[PDB]
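Okay, so here's just one chain, in structure tokens, the form deposited in one PDB entry.
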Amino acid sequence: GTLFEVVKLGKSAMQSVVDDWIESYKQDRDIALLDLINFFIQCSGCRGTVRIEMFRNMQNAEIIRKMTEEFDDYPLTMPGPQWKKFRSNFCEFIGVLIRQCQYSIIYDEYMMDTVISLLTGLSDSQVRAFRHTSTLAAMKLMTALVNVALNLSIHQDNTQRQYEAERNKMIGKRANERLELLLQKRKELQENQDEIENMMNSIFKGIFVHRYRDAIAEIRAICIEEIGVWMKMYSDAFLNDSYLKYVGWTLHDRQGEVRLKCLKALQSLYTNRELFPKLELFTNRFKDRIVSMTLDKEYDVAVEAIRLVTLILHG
């Protein structure tokens, strides 16, 4: 509306285009997801675009096979001022998209299934551009879902404290309407969390477990950096010896870039004197590798290995 109104209300270009996308999704899921599919294609620097007939009739396999041929150096590698902010923008887009869809659309069983299947399929592509773009997207997607799970948790606690106060207040008395709504609230929220845990599994088992050992070092780095993020954000779910084995296995990586990320991830965990108990078995299992990297060969890896070891020491 007015200039005062538009300024006080600092919706970015990205927040605006996600509000519009949601409005379009509510008119026609199909055209909205086609646009979202084309976005991920254009983001890879692919010069083709999916039409509504392909979307409705073709499997992701066929779509990706047909877009594989329409390939001429992709946005995420470009140097130049006009692509400086692209990576940062791409990542922000995905958090804004999902933050905004987090209360309804995400739980419709069509939007997230479409995106994740497309990302999974692109992550199995021979084309570097496709693997790099889809994995980075899926890794930020996962983090966006973890933030949703954290928001659900808060509500799940307030629903549980309210359900208690009302269950106590009754006792001997017939279960009234307030108690039935809260007992129905509490099921819905836990059913929401199951669905989040589900999308996180599809992304983890479909993309992460394959991409973290990718041929391309930047893709390996992207995976390691992000599992470190899930392990700090949501400790009860991701900070365990099955997920940690991925980080430890990758300490042995051939590239500084990737060894560096493994150490930055473990640094963020070991600083918190609280999940320090949950790293005991991990510390016994990989103390030898960690301690060896203090003299790594790449200066900056050594500096980080040394910083990690002093963290472990002080705990």
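Each residue number is its position in the shown sequence, starting from 1. Rigid core: the largest C-alpha set superposing within 1.5 Å between the two forms.
The following text describes the form deposited in another entry, which does not appear among the structures shown.
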| item | value |
| --- | --- |
| Rigid core superposition between the shown form and the other one: residue from 88, 201, 82, 104 with Cα shift of 2 Å or more | 82 |
| Core superposition between the shown form and the other one, C-alpha change of residue 295 at least 2 Å | no |
| Closer or farther in the other entry, the Cα atoms of residue 144 and residue 11, when the shift from this form is 3 Å or more | farther |
| Change in CA distance between residue 147 and residue 7 in the other entry, which is 3 Å or more, as closer or farther | closer |
